[PDB]
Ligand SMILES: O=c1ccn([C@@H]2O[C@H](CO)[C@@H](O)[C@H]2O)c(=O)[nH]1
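This document opens with one chain alone, in structure tokens, the form deposited without the named molecule.
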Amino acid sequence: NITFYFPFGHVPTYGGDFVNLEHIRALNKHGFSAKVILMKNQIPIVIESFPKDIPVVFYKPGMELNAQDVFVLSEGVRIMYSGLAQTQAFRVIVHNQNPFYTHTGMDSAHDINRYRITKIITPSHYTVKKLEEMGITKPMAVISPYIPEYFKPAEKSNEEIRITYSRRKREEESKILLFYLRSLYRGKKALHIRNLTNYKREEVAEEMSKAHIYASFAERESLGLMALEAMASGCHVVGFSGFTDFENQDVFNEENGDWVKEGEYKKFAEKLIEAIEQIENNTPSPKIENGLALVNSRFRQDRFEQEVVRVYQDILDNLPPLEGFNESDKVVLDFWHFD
């Protein structure tokens, strides 16, 4: 009789927030008990932002949960760690979806290593290695997010070349690259380039579905979701991989994208021009087919649901003993006083 509680303090916003809702949904679908605990900002705009099928409990100082319950913490929100250090009750899992933001939740690896974390769930084997590089020695698990089914190819134009890119990361580097592209491209046809930085996620899917090429400005990725979305959409991916230490991941390779290294703006533009000429000649890259096959095999919902069940059941099968409590004991939560 264990519930997994996922703390939120705001409307779901970041990629990471939406993944956590998918964790909750998969858990509840497959016989587990999972809920949002909304720690603060208990106002209608926030409350109403959680879909109907997501259970929400409100934090109130003095409420009681069960000693056996599990908190699934972000790598951020330091205050969740300091509060829960006030009791011996509960288990703690960290869902670290952003290894380079580990500094937003905990002071150092030492503090993580001394905390009663039972497991760290990560998006990728790369993330595991990055946290271990940082000095973290806690047990780790991988559950990669999935690409929603509405990312898929649509018919692409046979008379104009459509390129899309995001400036969410590397805003200034996209301007540099596009300057090289304008400087080096000598083909006849005008290029159709669209910045999708501020599109809604379904609009991103729509734009990619019709795009021939996705110019990648990925940066310090865990998995590389934008690129995988592009691959799901049948786009040729050209540009930054998101991994300076590219050798520490095995999702992206020479056969599913034209990757460049930091600062390689000329090579980036040259690869774009090569990709443009392939589309102009109606001989699109075989890297598109490889990218499609990658997403189909590894990054859709069925496999995610399998991995959620596997990983969370393994955690439930391997919990530390409760110190100072029995299962079913009620425990007051009064560790936070928010505005």
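The numbering used is simple: start at 1 and walk along the sequence shown.
Unshown form deposited with the named molecule bound; subsequent notes refer to it.
Heavy atoms of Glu75 never reach within 4.5 Å of the named molecule in the deposited complex, leaving it off the interface. The closest heavy atom approach of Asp258 to the named molecule in the deposited complex falls outside 4.5 Å. At least one heavy atom of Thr197 is located within 4.5 Å of the named molecule in the deposited complex. The closest heavy atom approach of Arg201 to the named molecule in the deposited complex falls within 4.5 Å. Only one of 135 to 143, 224 to 232, 177 to 185, 118 to 126 places residue heavy atoms within 4.5 angstroms of the named molecule in the deposited complex, namely 224 to 232. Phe151 is the sole member of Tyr81, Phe90, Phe243, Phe151 with a non-hydrogen atom within 4.5 Å of the named molecule in the deposited complex. Of the residues given (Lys156, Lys267, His192, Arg168), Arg168 alone sits with a heavy atom within 4.5 Å of the named molecule in the deposited complex.
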